[PDB]
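Enquirer: One file is attached below, run_7.txt, containing compact mmCIF, C-alpha atoms and all ligand atoms.
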# COMPACT_ATOMS: atom_id res chain seq x y z
CA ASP N 840 0.00 0.00 0.00
CA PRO N 841 2.58 2.80 0.90
CA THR N 842 5.14 1.26 -1.58
CA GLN N 843 2.19 1.52 -4.15
CA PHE N 844 2.86 4.67 -6.19
CA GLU N 845 0.10 5.88 -8.52
CA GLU N 846 1.26 7.84 -11.65
CA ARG N 847 -1.47 10.48 -11.18
CA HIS N 848 0.13 11.46 -7.81
CA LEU N 849 3.68 11.69 -9.25
CA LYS N 850 4.30 15.43 -10.06
CA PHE N 851 7.28 16.05 -12.36
CA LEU N 852 9.73 18.64 -10.94
CA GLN N 853 13.03 18.46 -12.92
CA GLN N 854 14.92 16.14 -15.25
CA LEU N 855 17.92 14.64 -13.38
CA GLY N 856 19.56 13.02 -16.37
CA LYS N 857 20.42 9.74 -18.04
CA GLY N 858 20.93 6.33 -16.46
CA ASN N 859 22.30 3.02 -17.79
CA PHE N 860 19.30 2.67 -20.31
CA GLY N 861 16.62 5.31 -19.44
CA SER N 862 15.93 8.75 -17.96
CA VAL N 863 15.81 9.96 -14.30
CA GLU N 864 13.38 12.70 -13.11
CA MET N 865 12.98 14.45 -9.76
CA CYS N 866 9.28 14.01 -8.89
CA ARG N 867 7.13 14.93 -5.88
CA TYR N 868 4.86 12.06 -4.83
CA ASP N 869 1.89 14.19 -3.76
CA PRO N 870 -1.31 12.08 -3.13
CA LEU N 871 -2.94 15.02 -1.15
CA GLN N 872 -2.24 17.65 -3.96
CA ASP N 873 -0.96 20.19 -1.32
CA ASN N 874 2.74 20.01 -2.51
CA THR N 875 3.64 18.33 0.88
CA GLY N 876 4.64 14.99 -0.68
CA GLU N 877 8.07 13.40 -0.70
CA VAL N 878 10.56 14.32 -3.42
CA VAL N 879 11.81 11.08 -5.11
CA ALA N 880 14.14 10.10 -8.07
CA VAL N 881 12.16 8.22 -10.76
CA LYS N 882 13.65 6.04 -13.48
CA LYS N 883 11.54 5.35 -16.54
CA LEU N 884 12.62 3.45 -19.71
CA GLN N 885 13.07 5.58 -22.79
CA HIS N 886 12.74 2.64 -25.29
CA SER N 887 10.71 -0.23 -23.74
CA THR N 888 12.12 -3.23 -25.75
CA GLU N 889 11.67 -6.88 -24.54
CA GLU N 890 15.36 -7.15 -23.58
CA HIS N 891 15.37 -3.63 -22.02
CA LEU N 892 12.19 -4.19 -19.94
CA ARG N 893 13.64 -7.52 -18.68
CA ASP N 894 16.94 -5.78 -17.70
CA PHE N 895 15.01 -2.97 -15.96
CA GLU N 896 12.90 -5.54 -14.01
CA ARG N 897 16.15 -7.29 -12.92
CA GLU N 898 17.66 -3.96 -11.80
CA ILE N 899 14.42 -3.25 -9.85
CA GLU N 900 14.63 -6.74 -8.24
CA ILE N 901 18.37 -6.29 -7.42
CA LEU N 902 17.78 -2.85 -5.79
CA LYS N 903 14.87 -4.22 -3.78
CA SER N 904 17.06 -6.90 -2.32
CA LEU N 905 19.75 -4.38 -1.06
CA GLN N 906 19.60 -2.73 2.40
CA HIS N 907 22.86 -0.93 3.27
CA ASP N 908 23.67 2.66 4.38
CA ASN N 909 25.95 3.00 1.37
CA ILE N 910 23.52 1.69 -1.29
CA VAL N 911 20.85 4.08 -2.68
CA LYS N 912 17.37 3.24 -1.20
CA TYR N 913 14.68 1.59 -3.39
CA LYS N 914 11.24 3.05 -2.51
CA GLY N 915 8.80 1.36 -4.87
CA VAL N 916 7.51 0.83 -8.38
CA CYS N 917 4.78 2.74 -10.24
CA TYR N 918 2.74 0.38 -12.50
CA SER N 919 -0.07 2.80 -13.37
CA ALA N 920 1.13 2.91 -17.05
CA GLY N 921 0.93 -0.91 -17.44
CA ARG N 922 3.68 -3.57 -16.92
CA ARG N 923 5.37 -2.41 -20.17
CA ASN N 924 5.81 1.15 -18.79
CA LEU N 925 7.28 0.56 -15.27
CA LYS N 926 8.70 3.45 -13.13
CA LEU N 927 11.38 2.79 -10.48
CA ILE N 928 11.09 5.02 -7.39
CA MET N 929 14.31 5.69 -5.47
CA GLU N 930 15.22 8.04 -2.67
CA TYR N 931 16.32 11.48 -3.84
CA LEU N 932 19.97 12.26 -2.83
CA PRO N 933 20.08 16.09 -2.95
CA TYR N 934 23.84 16.66 -3.38
CA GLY N 935 23.94 14.71 -6.65
CA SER N 936 26.74 12.56 -8.07
CA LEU N 937 30.09 12.31 -6.30
CA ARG N 938 31.69 13.23 -9.66
CA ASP N 939 29.79 16.58 -9.77
CA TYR N 940 30.11 17.18 -6.00
CA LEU N 941 33.93 16.72 -6.14
CA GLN N 942 34.30 18.70 -9.43
CA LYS N 943 32.40 21.54 -7.73
CA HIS N 944 34.37 21.68 -4.47
CA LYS N 945 37.74 20.32 -5.67
CA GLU N 946 40.53 20.48 -2.98
CA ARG N 947 37.94 21.92 -0.45
CA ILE N 948 37.08 18.19 0.28
CA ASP N 949 40.25 17.06 2.12
CA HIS N 950 42.02 13.61 2.02
CA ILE N 951 40.32 12.62 5.38
CA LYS N 952 36.90 13.24 3.74
CA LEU N 953 37.86 11.42 0.47
CA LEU N 954 38.91 8.36 2.53
CA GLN N 955 35.66 8.49 4.48
CA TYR N 956 33.89 8.28 1.02
CA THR N 957 36.32 5.53 -0.16
CA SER N 958 35.58 3.56 3.03
CA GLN N 959 31.80 3.88 2.36
CA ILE N 960 32.12 2.76 -1.30
CA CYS N 961 34.14 -0.35 -0.08
CA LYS N 962 31.49 -1.24 2.55
CA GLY N 963 28.73 -0.83 -0.13
CA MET N 964 30.65 -2.98 -2.65
CA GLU N 965 31.50 -5.61 0.00
CA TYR N 966 27.81 -6.01 0.98
CA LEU N 967 26.91 -6.13 -2.74
CA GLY N 968 29.39 -9.00 -3.20
CA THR N 969 27.85 -11.05 -0.31
CA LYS N 970 24.71 -11.23 -2.53
CA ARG N 971 26.90 -12.42 -5.50
CA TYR N 972 26.01 -9.21 -7.44
CA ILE N 973 28.61 -7.67 -9.84
CA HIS N 974 27.89 -3.91 -10.18
CA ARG N 975 29.77 -3.58 -13.55
CA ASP N 976 29.50 0.22 -13.58
CA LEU N 977 31.44 1.46 -10.49
CA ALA N 978 32.44 5.13 -11.38
CA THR N 979 32.16 8.48 -9.45
CA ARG N 980 29.33 9.38 -11.90
CA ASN N 981 27.29 6.45 -10.44
CA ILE N 982 28.04 7.17 -6.76
CA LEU N 983 25.60 9.54 -5.07
CA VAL N 984 26.13 12.06 -2.27
CA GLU N 985 23.53 12.05 0.56
CA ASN N 986 25.36 14.73 2.57
CA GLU N 987 28.95 15.85 3.32
CA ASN N 988 29.25 12.73 5.60
CA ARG N 989 27.71 9.98 3.45
CA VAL N 990 27.91 8.61 -0.11
CA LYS N 991 25.93 5.73 -1.62
CA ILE N 992 26.43 3.44 -4.66
CA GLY N 993 23.89 4.11 -7.42
CA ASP N 994 23.17 3.08 -11.05
CA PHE N 995 22.61 -0.68 -10.81
CA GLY N 996 21.67 -0.55 -14.49
CA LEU N 997 24.44 -2.97 -15.52
CA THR N 998 24.41 -5.20 -12.42
CA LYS N 999 24.65 -8.95 -12.99
CA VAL N 1000 24.03 -11.89 -10.64
CA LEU N 1001 26.71 -14.54 -10.74
CA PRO N 1002 25.76 -18.10 -11.90
CA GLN N 1003 25.52 -20.45 -8.89
CA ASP N 1004 28.38 -22.55 -10.37
CA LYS N 1005 30.78 -19.71 -11.47
CA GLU N 1006 32.83 -16.83 -10.02
CA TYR N 1007 32.38 -14.65 -13.12
CA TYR N 1008 29.53 -13.61 -15.42
CA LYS N 1009 30.26 -13.62 -19.24
CA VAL N 1010 28.35 -10.84 -21.18
CA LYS N 1011 27.59 -12.39 -24.65
CA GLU N 1012 26.51 -9.23 -26.55
CA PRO N 1013 27.64 -6.09 -24.67
CA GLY N 1014 25.84 -2.75 -24.91
CA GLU N 1015 27.49 0.65 -24.09
CA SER N 1016 30.51 -0.29 -21.90
CA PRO N 1017 32.61 2.07 -19.68
CA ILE N 1018 35.79 0.51 -21.14
CA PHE N 1019 38.11 2.98 -19.33
CA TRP N 1020 36.99 1.53 -16.01
CA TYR N 1021 37.19 -2.09 -17.27
CA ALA N 1022 39.49 -4.88 -16.03
CA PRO N 1023 41.66 -6.49 -18.88
CA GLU N 1024 39.60 -9.73 -18.74
CA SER N 1025 36.39 -7.66 -19.07
CA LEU N 1026 37.82 -5.99 -22.27
CA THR N 1027 39.23 -9.25 -23.68
CA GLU N 1028 36.77 -11.99 -22.60
CA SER N 1029 33.76 -9.89 -21.43
CA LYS N 1030 34.06 -11.66 -18.03
CA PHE N 1031 32.82 -9.74 -14.92
CA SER N 1032 33.44 -10.70 -11.30
CA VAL N 1033 33.96 -9.22 -7.84
CA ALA N 1034 37.61 -8.88 -8.98
CA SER N 1035 36.63 -6.73 -11.99
CA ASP N 1036 34.59 -4.43 -9.68
CA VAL N 1037 37.74 -4.17 -7.46
CA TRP N 1038 39.67 -3.08 -10.65
CA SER N 1039 36.93 -0.44 -11.25
CA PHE N 1040 37.11 0.61 -7.59
CA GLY N 1041 40.86 1.39 -8.13
CA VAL N 1042 39.75 3.65 -10.95
CA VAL N 1043 37.18 5.39 -8.60
CA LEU N 1044 39.95 5.95 -6.06
CA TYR N 1045 42.03 7.43 -8.93
CA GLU N 1046 39.02 9.67 -9.84
CA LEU N 1047 38.59 10.86 -6.22
CA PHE N 1048 42.29 11.91 -5.81
CA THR N 1049 42.28 13.74 -9.18
CA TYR N 1050 39.34 15.87 -7.93
CA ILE N 1051 37.77 15.38 -11.44
CA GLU N 1052 40.43 17.70 -13.09
CA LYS N 1053 39.23 17.72 -16.76
CA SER N 1054 42.51 16.57 -18.49
CA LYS N 1055 43.12 13.94 -15.76
CA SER N 1056 39.98 11.75 -16.18
CA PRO N 1057 40.62 8.03 -16.97
CA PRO N 1058 39.51 8.39 -20.72
CA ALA N 1059 41.73 11.44 -21.14
CA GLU N 1060 44.76 9.72 -19.64
CA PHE N 1061 44.28 6.39 -21.35
CA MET N 1062 43.63 8.09 -24.74
CA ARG N 1063 46.83 10.12 -24.29
CA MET N 1064 48.63 6.82 -23.56
CA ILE N 1065 47.29 4.85 -26.52
CA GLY N 1066 47.30 7.95 -28.79
CA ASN N 1067 44.42 10.43 -29.48
CA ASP N 1068 44.51 9.12 -33.12
CA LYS N 1069 42.85 5.84 -32.01
CA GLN N 1070 39.13 5.63 -32.85
CA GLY N 1071 36.28 3.16 -32.17
CA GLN N 1072 37.17 -0.57 -31.87
CA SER N 1073 40.92 0.32 -32.27
CA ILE N 1074 40.69 2.07 -28.84
CA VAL N 1075 39.76 -1.28 -27.22
CA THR N 1076 42.53 -3.26 -29.05
CA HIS N 1077 45.22 -0.71 -27.95
CA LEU N 1078 43.84 -0.34 -24.41
CA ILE N 1079 44.06 -4.18 -23.97
CA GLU N 1080 47.72 -4.24 -25.17
CA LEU N 1081 48.60 -1.22 -22.98
CA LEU N 1082 47.12 -2.84 -19.82
CA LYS N 1083 48.87 -6.17 -20.65
CA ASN N 1084 52.19 -4.19 -20.82
CA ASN N 1085 51.58 -2.52 -17.41
CA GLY N 1086 50.42 0.85 -18.78
CA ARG N 1087 48.43 2.41 -15.93
CA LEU N 1088 46.92 5.70 -14.79
CA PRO N 1089 49.44 7.93 -13.00
CA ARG N 1090 49.56 8.83 -9.35
CA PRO N 1091 47.19 11.86 -8.99
CA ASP N 1092 48.91 15.18 -8.08
CA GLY N 1093 49.29 15.24 -4.30
CA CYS N 1094 47.95 11.68 -3.83
CA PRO N 1095 49.40 10.08 -0.66
CA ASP N 1096 51.62 7.13 -1.77
CA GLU N 1097 49.69 4.81 0.63
CA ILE N 1098 46.51 5.46 -1.41
CA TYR N 1099 48.26 5.06 -4.78
CA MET N 1100 49.55 1.64 -3.53
CA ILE N 1101 45.91 0.49 -3.12
CA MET N 1102 44.96 1.75 -6.68
CA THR N 1103 47.91 -0.19 -8.26
CA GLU N 1104 46.96 -3.32 -6.18
CA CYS N 1105 43.45 -3.12 -7.60
CA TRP N 1106 44.87 -2.78 -11.09
CA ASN N 1107 46.55 -6.19 -11.02
CA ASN N 1108 46.43 -8.16 -14.30
CA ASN N 1109 46.19 -11.36 -12.18
CA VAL N 1110 42.51 -11.57 -11.13
CA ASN N 1111 43.34 -13.65 -8.04
CA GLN N 1112 45.96 -11.12 -6.81
CA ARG N 1113 43.46 -8.25 -6.41
CA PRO N 1114 42.47 -7.21 -2.85
CA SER N 1115 39.04 -8.10 -1.47
CA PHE N 1116 36.59 -5.31 -0.59
CA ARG N 1117 36.64 -6.64 3.02
CA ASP N 1118 40.45 -6.03 3.17
CA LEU N 1119 40.21 -2.71 1.28
CA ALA N 1120 37.70 -1.40 3.86
CA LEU N 1121 39.93 -2.51 6.73
CA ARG N 1122 43.00 -0.87 5.09
CA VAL N 1123 41.30 2.47 4.24
CA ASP N 1124 39.91 2.61 7.83
CA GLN N 1125 43.41 2.05 9.26
CA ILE N 1126 44.74 4.85 6.96
CA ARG N 1127 41.97 7.22 8.22
CA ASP N 1128 42.87 6.26 11.84
CA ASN N 1129 46.59 7.05 11.16
CA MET N 1130 45.48 10.47 9.78
CA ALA N 1131 43.00 11.56 12.53
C1 LIG A 1201 16.33 6.24 -10.61
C2 LIG A 1201 17.75 5.99 -11.32
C3 LIG A 1201 18.64 5.16 -10.42
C4 LIG A 1201 18.69 3.78 -10.62
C5 LIG A 1201 19.48 2.97 -9.83
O1 LIG A 1201 19.53 1.63 -10.03
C6 LIG A 1201 20.22 3.57 -8.84
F1 LIG A 1201 20.99 2.75 -8.09
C7 LIG A 1201 20.21 4.93 -8.60
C8 LIG A 1201 19.41 5.74 -9.40
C9 LIG A 1201 19.37 7.22 -9.17
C10 LIG A 1201 19.90 8.05 -10.15
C11 LIG A 1201 20.11 9.40 -9.94
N1 LIG A 1201 20.79 10.24 -10.84
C12 LIG A 1201 21.59 9.86 -12.00
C13 LIG A 1201 21.17 10.67 -13.22
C14 LIG A 1201 23.12 10.12 -11.73
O2 LIG A 1201 23.80 8.88 -11.50
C15 LIG A 1201 19.73 9.97 -8.69
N2 LIG A 1201 19.95 11.30 -8.52
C16 LIG A 1201 19.63 11.78 -7.31
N3 LIG A 1201 19.89 13.08 -7.09
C17 LIG A 1201 20.45 13.91 -8.14
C18 LIG A 1201 20.50 15.36 -7.74
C19 LIG A 1201 21.33 16.11 -8.75
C20 LIG A 1201 21.21 17.61 -8.66
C21 LIG A 1201 22.02 18.22 -7.54
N4 LIG A 1201 22.30 19.65 -7.73
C22 LIG A 1201 21.19 20.46 -7.20
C23 LIG A 1201 23.56 20.01 -7.08
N5 LIG A 1201 19.13 11.10 -6.27
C24 LIG A 1201 18.94 9.81 -6.46
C25 LIG A 1201 19.19 9.13 -7.68
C26 LIG A 1201 19.00 7.76 -7.96
Can you give me the file's structure in the form of structure tokens?

Expert:
Amino acid sequence: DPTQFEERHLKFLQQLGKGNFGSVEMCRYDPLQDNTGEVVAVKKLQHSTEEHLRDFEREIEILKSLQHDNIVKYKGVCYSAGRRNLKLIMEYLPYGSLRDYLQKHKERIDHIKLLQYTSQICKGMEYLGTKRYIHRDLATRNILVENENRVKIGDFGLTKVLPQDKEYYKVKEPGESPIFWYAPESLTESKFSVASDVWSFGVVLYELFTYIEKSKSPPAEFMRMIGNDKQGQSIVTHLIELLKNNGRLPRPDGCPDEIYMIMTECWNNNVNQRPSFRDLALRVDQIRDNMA
């Protein structure tokens, strides 16, 4: 009943943007028409194909199954438009994406604060992994800011559930892929695992310590490394060979070496040699303790 959202009571307020296969709007759920309703984030599919509706229902099921302080809260589903025009209702996180929050404030968010966010992302990812879910899109653009003290993992649009018998999930026909955050085995074999999210987490830590400086983003740096003359599929071929030959993102300007050590550990070509999220959360917490 309260998790039952009727479309007629959903008042559009502003467009929030684009997700992993649809659009997000800020809506006020106002069943008393007095503008006193809760402000929510609503995902609706732009192109309701059979494969896309199926993926959206899986995302909705995945989000519903997650209860953690550092995972964006699922609120409900709005069916009023029929089962072919589903709306996902999430909590509204008013500070927006960590990418945009950090780009806005830059060095005003100190290393203590960045490691508090890093710790939270680890705890979110570790809980995610207990459920055998592979996020597949860990990036500061998909991490949301609740307040200056708490971040949460968002966009579960690419999340996969591991087979019962396997420690990886093979994507047979990939869609739009954030290749600059991808592990080598994800680029070569399209294999995703907890270990490939750890690789992506190392990229997020890189992102945090660059403070989203335009020319320092992972695509900018990797493109500079493989050559800005590389286009389309060729980018993927060269990126694979670069990673195989230990080409990596640089240490961000002013990054503590302790933190860069973690990034490079996440970026290990050997899948089995990557740290766990349990151990990353313990290590980042010990770093924060040594700083306080
Ligand atoms: C419903 C889509 C969705 C699906 C998922 O599976 C999921 F895990 C999360 C979300 C989702 C997606 C959002 N934004 C996208 C576009 C960016 O990643 C959210 N945006 C906000 N607040 C944004 C405020 C920005 C403005 C701030 N200025 C005023 C400074 N709150 C909650 C959000 C929740």

Enquirer: Residues within 8 Å of ligand LIG 1201 (chain A) should be enumerated using only C-alpha atoms and all ligand atoms and returned as a count of residues only.

Expert: 42

Enquirer: Hey, can you pull every residue with an atom no more than 12 Å from (45.6, 15.0, -17.1), using all atoms listed in the file, and send it as a ChimeraX atom specification?

Expert: /N:1045-1046,1049-1064,1088-1092

Enquirer: Which residues, protein or nucleic acid, reach to within 10 Å of (39.5, 2.8, -6.9) in the file's coordinates when using all atoms listed in the file, and can you give that as JSON, numbers by chain?

Expert: {"N": [957, 960, 961, 977, 978, 979, 1020, 1036, 1037, 1038, 1039, 1040, 1041, 1042, 1043, 1044, 1045, 1046, 1047, 1048, 1098, 1099, 1101, 1102, 1103, 1104, 1105, 1106, 1119]}

Enquirer: Skipping near chain neighbours, those fewer than 3 positions away, what residues fall within 9 Å of residue 959 of chain N using all atoms listed in the file, listed as a ChimeraX atom specification?

Expert: /N:908-909,954-956,962-964,989-992,1120

Enquirer: Rank nothing, just name the residue among N:1097, N:1068, N:1006, N:1015 nearest to residue 1111 of chain N, using all atoms listed in the file.

Expert: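 Using all atoms listed in the file, residue 1111 of chain N sits closest to N:1006.
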
Enquirer: Do you have the atom CA of residue 1023 of chain N-atom CA of residue 891 of chain N distance handy?

Expert: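 Computing the Euclidean distance for atom CA of residue 1023 of chain N and atom CA of residue 891 of chain N yields 26.6 Å.
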
Enquirer: In Å to one decimal, how far is atom CA of residue 971 of chain N from atom CA of residue 844 of chain N?

Expert: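 According to the coordinates, atom CA of residue 844 of chain N and atom CA of residue 971 of chain N are separated by 29.5 Å.
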
Enquirer: Would you mind reading off the distance between atom CA of residue 1124 of chain N and atom CA of residue 973 of chain N, one decimal, in Å?

Expert: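 Computing it gives 23.4 Å between the two atoms.
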
Enquirer: Could you pull the residues within 12 Å of residue 1008 of chain N, counting only C-alpha atoms, minus those fewer than 4 positions along the same chain, as a VMD selection string?

Expert: chain N and resid 971 to 975 997 to 1004 1024 to 1025 1028 to 1036

Enquirer: Residue 876 of chain N: which residues within 6 Å, counting all atoms listed in the file, same-chain residues fewer than 4 positions away excluded, as an mmCIF file with C-alpha atoms, in the frame of the given file?

Expert:
data_model
loop_
_atom_site.group_PDB
_atom_site.id
_atom_site.type_symbol
_atom_site.label_atom_id
_atom_site.label_comp_id
_atom_site.auth_asym_id
_atom_site.auth_seq_id
_atom_site.Cartn_x
_atom_site.Cartn_y
_atom_site.Cartn_z
ATOM 1 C CA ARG N 867 7.130 14.930 -5.880
ATOM 2 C CA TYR N 868 4.860 12.060 -4.830
ATOM 3 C CA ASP N 869 1.890 14.190 -3.760
#

Enquirer: Could you name the residues that touch residue 890 of chain N at 12 Å or less, counting all atoms listed in the file, but leaving out those on the same chain fewer than 6 positions away, as a list in words?

Expert: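 My list of contacting residues is residues 860, 884, 896, 897, 923, 1012 and 1014 of chain N.
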
Enquirer: With N, CA and C atoms as the goal, would you fill in the gaps in segment 1107-1128 of chain N and present it as a tab-separated table (two decimals), keeping the file's coordinate frame?

Expert:
chain	number	residue	atom	x	y	z
N	1107	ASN	N	45.66	-5.07	-10.75
N	1107	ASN	CA	46.55	-6.19	-11.02
N	1107	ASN	C	46.01	-7.04	-12.17
N	1108	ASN	N	46.85	-7.32	-13.17
N	1108	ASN	CA	46.43	-8.16	-14.30
N	1108	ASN	C	46.00	-9.55	-13.82
N	1109	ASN	N	46.59	-10.06	-12.72
N	1109	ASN	CA	46.19	-11.36	-12.18
N	1109	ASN	C	44.94	-11.12	-11.34
N	1110	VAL	N	43.82	-11.68	-11.79
N	1110	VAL	CA	42.51	-11.57	-11.13
N	1110	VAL	C	42.59	-11.98	-9.65
N	1111	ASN	N	43.25	-13.12	-9.38
N	1111	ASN	CA	43.34	-13.65	-8.04
N	1111	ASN	C	44.17	-12.81	-7.10
N	1112	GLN	N	45.09	-11.96	-7.62
N	1112	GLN	CA	45.96	-11.12	-6.81
N	1112	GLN	C	45.32	-9.83	-6.34
N	1113	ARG	N	44.11	-9.49	-6.83
N	1113	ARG	CA	43.46	-8.25	-6.41
N	1113	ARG	C	42.92	-8.32	-4.98
N	1114	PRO	N	42.93	-7.19	-4.24
N	1114	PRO	CA	42.47	-7.21	-2.85
N	1114	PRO	C	40.98	-7.45	-2.79
N	1115	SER	N	40.48	-7.95	-1.65
N	1115	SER	CA	39.04	-8.10	-1.47
N	1115	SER	C	38.48	-6.76	-1.03
N	1116	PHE	N	37.16	-6.57	-1.08
N	1116	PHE	CA	36.59	-5.31	-0.59
N	1116	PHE	C	36.61	-5.32	0.94
N	1117	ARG	N	36.58	-6.52	1.56
N	1117	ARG	CA	36.64	-6.64	3.02
N	1117	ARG	C	37.99	-6.06	3.48
N	1118	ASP	N	39.10	-6.52	2.86
N	1118	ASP	CA	40.45	-6.03	3.17
N	1118	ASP	C	40.67	-4.58	2.76
N	1119	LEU	N	40.06	-4.13	1.67
N	1119	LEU	CA	40.21	-2.71	1.28
N	1119	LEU	C	39.58	-1.80	2.32
N	1120	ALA	N	38.40	-2.19	2.85
N	1120	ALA	CA	37.70	-1.40	3.86
N	1120	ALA	C	38.49	-1.38	5.15
N	1121	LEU	N	39.11	-2.53	5.54
N	1121	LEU	CA	39.93	-2.51	6.73
N	1121	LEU	C	41.17	-1.58	6.54
N	1122	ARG	N	41.78	-1.64	5.34
N	1122	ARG	CA	43.00	-0.87	5.09
N	1122	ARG	C	42.73	0.63	5.05
N	1123	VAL	N	41.68	1.05	4.35
N	1123	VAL	CA	41.30	2.47	4.24
N	1123	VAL	C	40.95	2.98	5.64
N	1124	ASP	N	40.24	2.18	6.46
N	1124	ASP	CA	39.91	2.61	7.83
N	1124	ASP	C	41.14	2.79	8.71
N	1125	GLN	N	42.18	1.96	8.50
N	1125	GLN	CA	43.41	2.05	9.26
N	1125	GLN	C	44.19	3.33	8.82
N	1126	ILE	N	44.14	3.64	7.52
N	1126	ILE	CA	44.74	4.85	6.96
N	1126	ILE	C	44.09	6.08	7.59
N	1127	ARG	N	42.74	6.12	7.61
N	1127	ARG	CA	41.97	7.22	8.22
N	1127	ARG	C	42.29	7.38	9.72
N	1128	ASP	N	42.51	6.25	10.42
N	1128	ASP	CA	42.87	6.26	11.84
N	1128	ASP	C	44.27	6.88	12.02
